[PDB]
Structures are given as structure tokens and as C-alpha cells.
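To keep things clear, I will list the structure first and then write my remarks on it.
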Amino acid sequence: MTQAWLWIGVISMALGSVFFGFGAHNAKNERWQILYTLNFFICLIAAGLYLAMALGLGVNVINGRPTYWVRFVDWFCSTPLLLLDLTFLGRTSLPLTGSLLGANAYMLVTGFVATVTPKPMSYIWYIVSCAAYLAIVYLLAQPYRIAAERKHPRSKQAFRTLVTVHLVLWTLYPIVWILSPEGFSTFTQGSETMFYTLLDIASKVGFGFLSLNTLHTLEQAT
Amino acid sequence: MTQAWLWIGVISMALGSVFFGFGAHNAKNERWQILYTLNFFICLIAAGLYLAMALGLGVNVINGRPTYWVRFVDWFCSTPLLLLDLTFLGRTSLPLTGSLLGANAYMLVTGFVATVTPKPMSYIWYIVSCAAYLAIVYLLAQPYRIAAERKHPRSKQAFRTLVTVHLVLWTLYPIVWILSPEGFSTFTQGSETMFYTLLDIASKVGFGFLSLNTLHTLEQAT
Amino acid sequence: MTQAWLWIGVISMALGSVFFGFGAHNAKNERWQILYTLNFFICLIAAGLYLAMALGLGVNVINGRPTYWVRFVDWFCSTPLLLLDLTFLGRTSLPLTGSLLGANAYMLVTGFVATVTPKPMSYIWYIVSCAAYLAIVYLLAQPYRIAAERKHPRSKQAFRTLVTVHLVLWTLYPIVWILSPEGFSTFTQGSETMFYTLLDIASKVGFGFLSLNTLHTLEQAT
Ligand SMILES: *C/C=C(C)/C=C/C=C(C)/C=C/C1=C(C)CCCC1(C)C
Ligand SMILES: *C/C=C(C)/C=C/C=C(C)/C=C/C1=C(C)CCCC1(C)C
Ligand SMILES: *C/C=C(C)/C=C/C=C(C)/C=C/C1=C(C)CCCC1(C)C
Ligand SMILES: CCCCCCCCO[C@@H]1O[C@H](CO)[C@@H](O)[C@H](O)[C@H]1O
Ligand SMILES: CCCCCCCCO[C@@H]1O[C@H](CO)[C@@H](O)[C@H](O)[C@H]1O
Ligand SMILES: CCCCCCCCO[C@@H]1O[C@H](CO)[C@@H](O)[C@H](O)[C@H]1O
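Chains as they are written, first to last, in the entry's author numbering: chain A, 1 to 222; chain A', 1 to 222; chain A'', 1 to 222. A prime marks a further copy of an entry chain.
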């Protein structure tokens, strides 16, 4: 169960890395090159991480439960790249882009603290990390989306789709966590491993696909 | 004593974060947005750090003394943001800005090594970190200030005030350290906790105030 | 043996830091300032690292062998600066520069995992890190060199020399590793310490010299 989905994550993220790799090598202009290059490293960072977890690295029993703490070094490096996708397609302001990366790092560090601390101390840091996530939710739903649509007037549904898909996918991460043994213990590690694996595929490979087709939409409108 | 000042640091840095938060949301132009956004994350990074120390996280007895090593992850992330304040208002050269951030990181890493090593080994790394600090002192007192005044001819006292306040506040940090149990043991942890707390408020909330009024001075001169 | 070469590395990297330090202070224009500043921090990062290893810090027996794991925090911070040298002289595209730094960090993290893991698990992460290095080899031998020569038409041998010297020097690092106790145990720690020390001098002090004379060549061609 756990080992199966770890290897599935390796192969899918590897397969993803090859796809974005060749797109970067055969890139149209520089904007396509940047977009293929970002998504490539998002998947390669994920592919090596799942390689480490599949080989039993980065997992240690904490509070009496096998915990893959190394997932947080994946996300700390890959999730800012995923947000750069949004700000790159959107041509976002420097202070608003910095706020998204800063808020993301805050959410992940405090999430790590919640992950490695026992109950009920972890519940405090869970609320701190969710509050940081709800801040990103506002930043993407209001100032980021509004600024991006004004800069891309005849392609507004694209940025509405971008924000929504990112929001619905990322919202499941704190739901899996609080339902995992980290919270109410509704399911065990095997189900937790499959959830994160398929989420990661959706939010990296899947969202990588959505960003490429978004650049196409913004460019076919010119 | 120690717990009181830890919570005071939480509340003040939280109160600071709200102030810079609303200024960023209601920002004048982009330069005010960047300045409010920087100082917001400086305080939010500090607010979560004091939240962790107040909850007993990030403190471990080393060399026979309770040591808040996690203070160094605060400073490593927040102090470069404080220096960006100076370089942003100053419109500093890229190589001089990089030198300030590079020298700052050097000072903090070697300071961490001095913090977590026993005497007299720590004294070596203290001298290494102070030497890096004296390098920043030169960079801010001579090339940074000179370049900034030339770019802002009718607002030279502002940059003189900026450099001086930053220098006098940051100079107290190595003084508290060497007087703390890390050095001559002139005072205990409770006094050490109050010093760093009020220093952090001065150098983050206080210096955040000074940077906003500096941008106002530079802009009212146009 | 080990202690002698550690102190030699301290003094040489210190002597290097002074040379690039004064060149930065007396810099011609900003491009010379950036180049002197980069190489200065490359050597200063190396000088403090060798200071820590010479003082016995950052070395711990793993898998039954004294391992200087702290070498990897040197390289993780200094090697991207060395690659910036190449991209700065070359005026490289943003996506190609990001790919070089991303691939470099990948190689070093997975190399660290190979360093701190036992055999034969380490052999997997060695192959993963070498594959990342061979990717950088392609990036520097084909797209980086081609793009740089087009931007500098009458100075093509300079970029051929830059890429070659970087490639031949960096290729020896995985050779020393696999021949060290980390691999076939062909030599002991003393010889391993001398190799890395003289490699670091070549790839930081030596390559710093080559980059300055390269900027001179590119500029005397104008
Ligand atoms: C590719 C990996 C991705 C997109 C990871 C995203 C992770 C999150 C959105 C984390 C969410 C969490 C919270 C907001 C609550 C605390 C627990 C976390 C860290 C799972
Ligand atoms: C908001 C936090 C700030 C502004 C922290 C500043 C910290 C320093 C200036 C550190 C100074 C130190 C030395 C220069 C000597 C070694 C001990 C240190 C790290 C306290
Ligand atoms: C100044 C330090 C430098 C230039 C270090 C360079 C290090 C490498 C090129 C590392 C190479 C390695 C491999 C590619 C295989 C795995 C073992 C390593 C990390 C030594
Ligand atoms: C993860 C390491 C990078 C952190 C700093 C990112 C700086 C981003 O900078 C911003 O990027 C946007 C597109 O990404 C552009 O639209 C903005 O003009 C630019 O200012
Ligand atoms: C902490 C992560 C950021 C590190 C890299 C900072 C790069 C700064 O870059 C510099 O910024 C200055 C203002 O800040 C500008 O005046 C300069 O033109 C710009 O080159
Ligand atoms: C190690 C911290 C910095 C990582 C981000 C580096 C961003 C580099 O950015 C690139 O730099 C090149 C020269 O270096 C320039 O030729 C490119 O125009 C520029 O886009």
C-alpha cells in the first residue's frame, strides 16, 4: 500500500519530468522555456523525494507514528516554484509575488512544526499554518486574480481556472493532514500515502499541464 | 521573567504585523507596497518565532545552559529583509546589496556556531562573527551611505539617520551575547530574554517605522 | 596530513578572499565589482568552512568512517556562486541560468544523501547525483556555450576555456568520492582531505582568476 504508492509517485513524477524536460529543450520562445523549466524542476524535486521515501529515507517514528518529515523539504522547494507558475503567467507585481512566496514558506515551516510536535501542541501550529494558507487564499482570489485579468483582458477565464484549480487542490492537503493520525486518526498511513501521492501528481503534473495550456490561451489571444 | 517577555514579544510583533499588514493592503504605490510588505514579513517571522520559544520550542540546554538556538532561524530569515529595507530605500547597487546580505548570512551562521559550541571554542567563532559585523559596519557607513546620498541629494540626513539607527541597534546584539552566559555570564537567561525581546522590537517594529517615514521624506522631496 | 591540508585550505582561501576583496573595493565598473564580489564570497565561504573542519567541527563518524558532512554546506552555498560566474560572464538566459543552479542543488543534495547513507544504498544516490552532474555537463557544453559565444562573437575561445576548465575540475569531485572510503576505499581520509583541498583551491581561487581574466578578454574586445 504505502510502498506501492511511493513507487507510483516516483514513476509518475519521473514521467512528468521527462515531458517537461523535452518541452524545455524544444521550447518555443523564452516564456515557454521558463514555464517548461519550472514545471520540470517541480517534478524532479518530487521524483527524488518519492525516491527517498520509497527507499525508507526521511521517515522516522514521531509521537508513535511513522512520519515522512522529508515531505516538507519537497514542498518547501517545489511549492514556491508552483506559485511562480501563477505569478509568471500572471505577470504579478514584485510585492504581491513576494507575499505569496513568503506566506507559502510560513505555512510550510509552521506545518512542519505541527507535523513533528505531539498533540495538542500540534493543533496550535496547525491553526497557525491554516491561517497562513487562508491568507494565500485571499491573495490568489482577490489581488492576484484581479491584477492578472487587467493585464490579460480577453483571457479572464484562464486566470479564474488557474486560481480555482490551485485552490481546490491545495485545500485538500490540510484536510488529509487533520484526518490523518496527525489529527483525528480517521485513516492510517497507507491511505495517507495514497492521498498525498495523488494530490502531488494533480498539483505538480496536473497543474503543470494546466499552466502550459494557460500560456497557450494567453498567447493565442495575441 | 523569561516567559513574560516571550509573550510580550509575541503580542508586539503580532501588533506590528497587523500595522504593516494594513499599510500593505492600502498601499499608495508599489514602492510603499514593497516597504509595507517587507516589514510585515519581518514582524510575522519574529511573531511566529517568539510563539515557538514561548511554547518551549527551539530551546535546548547546551553547554549546561538553556539556549534558544531557534532565534538564529528567525534572524537568518528576517535580518536580510531588514537590510533590503536599507538597500530598497537607498536604491543600492546589486554588488553592494549582495555584499550586505552575504556578509549578514556569514555573521549569523558563524554566530550560530559560536552559540552552540562550548568555551573557549565559541570565543573564536564570536570573533569571526564580529569581524563579519564590522565589515557590514563599514559597508553601511561608507559605500552604502555615500551611494545613497548621491542618488538622494536633498535628503542626506535621512540616510544618515537610517544607517546610524541600524548600526546602534545591531551593535547591542553582540554585546548582549558576550555579556550573557555565552560569554562572561554577567546576567542570566531572564535578563537575556528581555534584552533580545526589546532589541527585536526596536530593530523590527521600531526600524520598520523609521523606514516608512524615510520613504516619506525621500518622496516629499519630489 | 588531514590537519595540515585543512589549515592550508584556510590560509589559501583566506589569501584568496583578500585578493578578491581589494579588487572589489577598487573595482573598475559595476561588472568588475560583481565579479570580484562573487569570487570573494566563494572563498570566504570556503575559508570559514575549512576553519570549522580544521577545528574539528562538522565531522562525524558515519558508517564507521570520519565524514566531513559540513563540506556539503560549503558547496551548496559556494557552488551556485561559481555557476553565477559563468552565467554572468556569459549573459545567460534566465531559464538556462535557473536550470544550472537547480541542477547543481539537485546534485549536491543527492550527493549529501549518498555521503551520509551506507553501502550499497549510497551507490544509488551516487548514480542519481552523477546523472545530475552529467546534465550540467550538457547544459554547459551545449546550450550555455553556444548562447554565450553568439553574444560574444570575437571572444569564443574564452568561453570554450571557461566551460572546459570548470568541467575538468568539477569532474574530479565524483572521482575522488567513489575512490574514497565512500566507494572502493582506494585511499584513506588524509589523501581525501588533500584532494578536496587542492580541488577547492583550483575551482575557487583558480577559477576565480580565470573568470577575471575572461572579463578582461571580453572587454578588451570592445
Ligand atoms: C507539491 C506539493 C504541494 C502542492 C504541497 C502543498 C502543501 C500544502 C498546501 C500544505 C498544507 C498544510 C496546511 C495548510 C495545514 C498544516 C499541514 C499542511 C502542511 C499539510
Ligand atoms: C531582528 C533581529 C536582528 C536585527 C538580529 C540581529 C543579530 C545580530 C546583529 C547578531 C549579532 C551577533 C554578533 C555580531 C556576534 C555573535 C553573536 C551574535 C550572533 C548575537
Ligand atoms: C568549491 C566546491 C566545489 C566546486 C564542489 C563541487 C562538488 C561537486 C562537483 C560534487 C560532485 C559529486 C558528485 C557529482 C557525485 C556525488 C558525490 C559528489 C557530491 C562529490
Ligand atoms: C524561489 C526563489 C525566487 C524568489 C524571488 C522571486 C522574485 C520574483 O520577482 C517577480 O517575478 C514575477 C514573475 O515570477 C514578475 O512578474 C515580477 O516582475 C518580478 O518582480
Ligand atoms: C533574500 C532574497 C533576496 C536576495 C537577492 C536580493 C537581490 C537585490 O537586487 C538589488 O535590489 C536592490 C533593492 O533591494 C536594487 O536597488 C538593485 O537594483 C537590485 O539589483
Ligand atoms: C543564488 C541566488 C540567486 C539565484 C537566482 C539567480 C537569478 C539569475 O538571473 C539571471 O542572471 C544572469 C546572470 O547571473 C543574467 O544574465 C540573466 O539576465 C538573469 O535573468
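Ideal Cβ positions, reconstructed from N, Cα and C, are used throughout, including at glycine.
- A':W5 and A':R160 have their C-alpha atoms roughly 32 Å apart.
- The C-beta distance from A:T92 to A:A148 rounds to 7 Å, short enough to fall under 8 Å.
- By the Cβ-count criterion, A':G16 is buried, with 16 or more other Cβ atoms from all chains shown falling within 10 Å of its own Cβ.
- Under DSSP, A:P66 takes part in a beta bridge, and its partners are A:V61.
- Taking A':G58 as reference, the option from A:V116, A:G64 and A:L81 with the minimal CA-CA separation is A:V116.
- In the structure shown, A'':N213 falls within a helical segment according to DSSP collapsed to helix, strand and coil.
- For the pair of segments examined, the region 175-184 of chain A' was found to touch the region 111-127 of chain A': the number of CB pairs separated by less than 8 Å reaches three.
- Considering only A:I62, A:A46, A:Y144 and A:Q189, the residue with the shortest C-alpha distance to A:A202 is A:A46.
- Contact between the region 159-174 of chain A and the region 204-217 of chain A is present, with at least three C-beta pairs closer than 8 Å.
- In the DSSP assignment, A':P80 falls within the alpha helix (DSSP H) that extends over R71 to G90.
- Taking A:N213 as reference, the option from A:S155, A:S122 and A:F187 with the minimal CA-CA separation is A:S155.
- Interface criterion met: the Cβ of A':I34 is under 8 Å from a Cβ in chain A.
- Contact of A'':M1 with chain A by beta-carbon distance below 8 Å is absent, the smallest such distance being about 33 Å.
- When the five nearest sequence neighbours on each side are left out, the beta carbons in the same chain lying within less than 6 Å of the beta carbon of A':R145 are those of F159 and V163, in order along the chain.
- In this structure A:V61 is exposed. Its beta-carbon is surrounded by fewer than 16 other beta-carbon atoms within 10 angstroms.
- Short of 6 Å from the beta carbon of A':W75, and not among the five residues preceding or following it, lie these beta carbons of its own chain, in chain order: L108.
- Of all residues in the region 108-122 of chain A'', those with a C-beta nearer than 9 Å to a C-beta of chain A are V109, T110, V113, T117 and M121, reading in chain order.
- Checking the 7 Å criterion, the Cβ of A'':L84 is out of range of every heavy atom belonging to ligand 5.
- Shortest Cα-Cα distance from A':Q33 to any of A':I42, A':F22 and A':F72 involves A':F22.
- Within its own chain, the residues whose Cβ lies closer than 7 Å to the Cβ of A':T217, once the five positions on either side in sequence are excluded, are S155 and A158, listed in chain order.
- In terms of Cβ geometry, A':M1 and A':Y50 do not form a close pair [threshold 8 Å].
- Every unbroken stretch of the alpha helix (DSSP H) spanning 4 or more residues and falling wholly within the region 85-136 of chain A'' is given here in chain order: 94-116.
- For A':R145, the enclosing alpha helix (DSSP H) starts and ends at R145 to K151.
- Taking 7 Å as the cut-off, one finds at least one heavy atom of ligand 4 near enough to the beta carbon of A:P80.
- At a cut-off of 8 Å between beta carbons, A'':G102 contacts chain A.
- Annotation: Cβ neighbours of A'':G48 in chain A' (cutoff 8 Å, chain order): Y106, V109, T110 and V128.
- Around the beta-carbon of A':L89, 16 or more other beta-carbon atoms lie within 10 Å, marking it buried.
- Rounded to the nearest whole angstrom, the C-alpha separation of A'':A27 and A:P153 is 47 Å.
- Taking a beta-carbon distance threshold of 8 Å, A'':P174 does not count as an interface residue toward chain A.
- For A'':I201, no alpha helix (DSSP H) run applies, since DSSP gives it neither H nor E.
- The beta carbon of A:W69 lies closer than 8 Å to those of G58, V59, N60, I62, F112, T115 and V116 in the same chain, with the five residues before and after it left out.
- Counting only Cβ-Cβ distances below 7 Å, A':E30 has contacts in chain A at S93 and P95, in chain order.
- Distances between the C-beta of A:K151 and the heavy atoms of ligand 1 are all 7 Å or more.
- Listed in chain order, the non-local C-beta contacts of A:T87 below 8 Å within the same chain comprise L96, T97, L100 and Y144, local neighbours out to five positions each way being set aside.
- With contacts defined by Cβ atoms closer than 8 Å, A':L94 and A':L215 do not form a contacting pair.
- Annotation for A'':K204 indicates a beta carbon within 7 Å of some heavy atom of ligand 3.
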